[PDB]
Structure formats: C-alpha cells, structure tokens
Amino acid sequence: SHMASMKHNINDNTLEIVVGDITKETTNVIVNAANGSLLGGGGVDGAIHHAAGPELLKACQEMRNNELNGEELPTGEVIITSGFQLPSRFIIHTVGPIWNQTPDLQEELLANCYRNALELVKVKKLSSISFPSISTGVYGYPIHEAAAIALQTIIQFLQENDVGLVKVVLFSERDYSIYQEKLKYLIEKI
Ligand SMILES: Nc1ncnc2c1ncn2[C@@H]1O[C@H](COP(=O)(O)OP(=O)(O)O)[C@@H](O)[C@H]1O
C-alpha cells in the first residue's frame, strides 16, 4: 500500500511525517502514548504491547512499583524501557493530556511530552525517534490543535538542538493530511 510522506531539514536534523504503523519503525526510539497506570490498553499503546511482547508490561510495572513507588506516570513526563520485540532499541513512554481535563495547562503538558522525549534522546546520544499522534485518539485532543503543538514543539527543539531524525507516524490519511498542511504552514514562517 502507498504511504504518504514528507521531510524537512532543520539545520543538521530532519523532520519527517509519514503514514504508517509505529511498531514497524526502525528508529532508535519509538514513543508510546501510554496510560498513566502503565497498564496495556488499546490503540497505539495496545499495538506497541502486542508487537513488543509480554516483557514490556512486566518492565513498565516493575518501574511503576520501584522508581514511581506505585504512582501514575504524570501527564507530560517520560520513562524509558527497552524495545523488546520492537525493531527499536528503546521505547519512551509518555502520557498525553486528556482533552479539557485541565484546559489551562494542557497545551504546555502536551508540549512537555515532545520536549521531554527529545531531551532524553539527546542525553542518551540516540539519533532517531518516532512519535505517534499523542492524545488525539481516546484522549480526545482535537487533531488540528494537537498537530500544531506537536510540530511547533519539535521544530523549536530541532532549531536549538542537534538530534538527528524525528518522525511523526500518523495512522490515517486524514491525520497525515492535517499534519502535512500544518507542517507546510509552519515551514513557511521559519
Ligand atoms: N499502530 C499504530 N501506529 C501509529 N499510530 C497509531 C497506531 N494505532 C493507533 N494509532 C494512533 O495513535 C493516536 C493516539 O491514539 P490513542 O492510542 O487512543 O492515544 P491517546 O490515548 O493518547 O489518545 C491515534 O491517532 C491513533 O489512531
């Protein structure tokens, strides 16, 4: 099947948007739009658990019990695990905002997912990362607004930092089309 894609170079970095299944990406890191409980759900988190195999859930729950001391992973924060059966080396787990639960903070919190994940890529001297459309499925964040926040945040980070390749993997042509129109718009302002 055809997979729409476009790329833009930002200094020595490359930002790519693509249609695809994030579990098939061979980037160093893939990002899971995780649940706060770090339990496996449906959606992209469910896909990632199914593709990674049963060691993922076990790893995440060990991390919940130890470094998080039974607390939920806070919105906009990150943890990192191995990739297990995924073709990536690592999975960065992040929790996006649930749409309009916290209206005053949710733009910042969504941005935090991207910023915190990208800083962690830098810290570990990894050079490629794939993001899904965080919060625009069951979490209900309007795709038109989320895409703006995701892209602005990524573009800003890549303007100030050497990372390598950042991919956003969209699961539908509609989401890709929105991302494409937003990315083209933001490129024009640079
Ligand atoms: N295998 C997959 N690869 C990439 N994206 C996916 C996959 N499965 C679902 N998605 C997309 O991930 C986005 C977030 O959906 P969801 O998993 O419900 O996350 P959230 O709970 O953060 O909204 C949605 O656009 C959904 O279509």
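We did not get these values from a lab; they are worked out from the coordinates using the rules stated. Here Cβ is always computed from backbone atoms with ideal geometry, including for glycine, and neighbour counts include all displayed protein chains.
Calculate the dipole size of the range 138-183 relative to its Cα centre from +1 charges on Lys and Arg beta carbons and -1 charges on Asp and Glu beta carbons; express the result in debye to the nearest 20.
Around 80 debye, computed over the range 138-183.
Gaussian network model of the chain, Cα springs within a sub-10 Å range: biggest mean-square fluctuation belongs to which of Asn66, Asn32, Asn116?
It is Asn66.
Expressed as an acute angle from 0 to 90° and rounded to the nearest 10, what is the orientation of the C-alpha long axis of helix 143-160 relative to the principal long axis of the chain?
80 degrees
For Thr102, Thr136, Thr14, which order do you get if you count the other beta carbons within 10 Å of each Cβ and list the fewest first?
Exposure proxy ranking, most exposed first: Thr102, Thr14, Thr136.
Amide H neighbours of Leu38 under 5 Å, at least 5 residues apart or on other chains, H built in the peptide plane: list them.
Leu73
On each of the three principal axes of the Cα atoms of the range 80-190, give max minus min coordinate, whole Å, ordered largest first.
32, 32, 29
Which order do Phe157, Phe131 fall in if you start with the one that has the fewest other Cβ atoms within 10 Å?
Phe157, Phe131
In degrees from 0 to 90, rounded to the nearest 10, what is the angle of the helix 173-189 Cα long axis to the longest principal axis of the chain?
Roughly 60 degrees, rounded to the nearest 10.
Using the alpha-carbon atoms, what tilt in degrees (0 to 90, nearest 10) does helix 43-52 show relative to the longest principal axis of the chain?
60 degrees
For the chain, give the magnitude of the charge dipole about the Cα centre (Cβ charges: +1 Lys/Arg, -1 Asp/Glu; no others), in debye to the nearest 20.
480 debye
Given a 10 angstrom Cα cut-off, can you work out which residue in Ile92, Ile154, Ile134 is the most mobile in a GNM of the chain?
Maximum among the listed residues: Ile154.
Whole number please: convex hull volume per residue, Cα atoms of the chain, in Å³.
Spread over its residues, the Cα hull of the chain gives 111 Å³ apiece.
As a test, work out the antiparallel percent of DSSP beta bridges whose residues both lie in the chain, rounded to the nearest 5.
The antiparallel fraction comes to roughly 40 percent.
Given the range 29-87, report the % of alpha carbon pairs whose separation exceeds 19 Å.
For the range 29-87, the fraction of Cα-Cα distances above 19 Å is 20 percent.
Please give the calculated 222 nm ellipticity per residue for the chain, where each DSSP H segment of at least 4 residues contributes -39500 (n - 2.57) and the sum is spread over every residue; nearest 500 deg cm²/dmol?
My calculation for the chain gives -12500 deg cm²/dmol from helical runs alone.
Considering Cα pairs under 8 angstrom that are at least six residues apart, work out the relative contact order of the chain and quote it in whole percent.
It comes to 29 percent, rounded to a whole number.
Among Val31, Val169, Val19, whose mean-square fluctuation peaks in a Gaussian network model of the chain (Cα, cutoff 10 Å)?
For the chain, modelled as a Gaussian network with Cα springs under 10 Å, the answer is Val19.
Sorting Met3, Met63 on the 10 Å Cβ count, fewest up front, what's the list?
Ascending number of Cβ neighbours within 10 Å: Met3, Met63.
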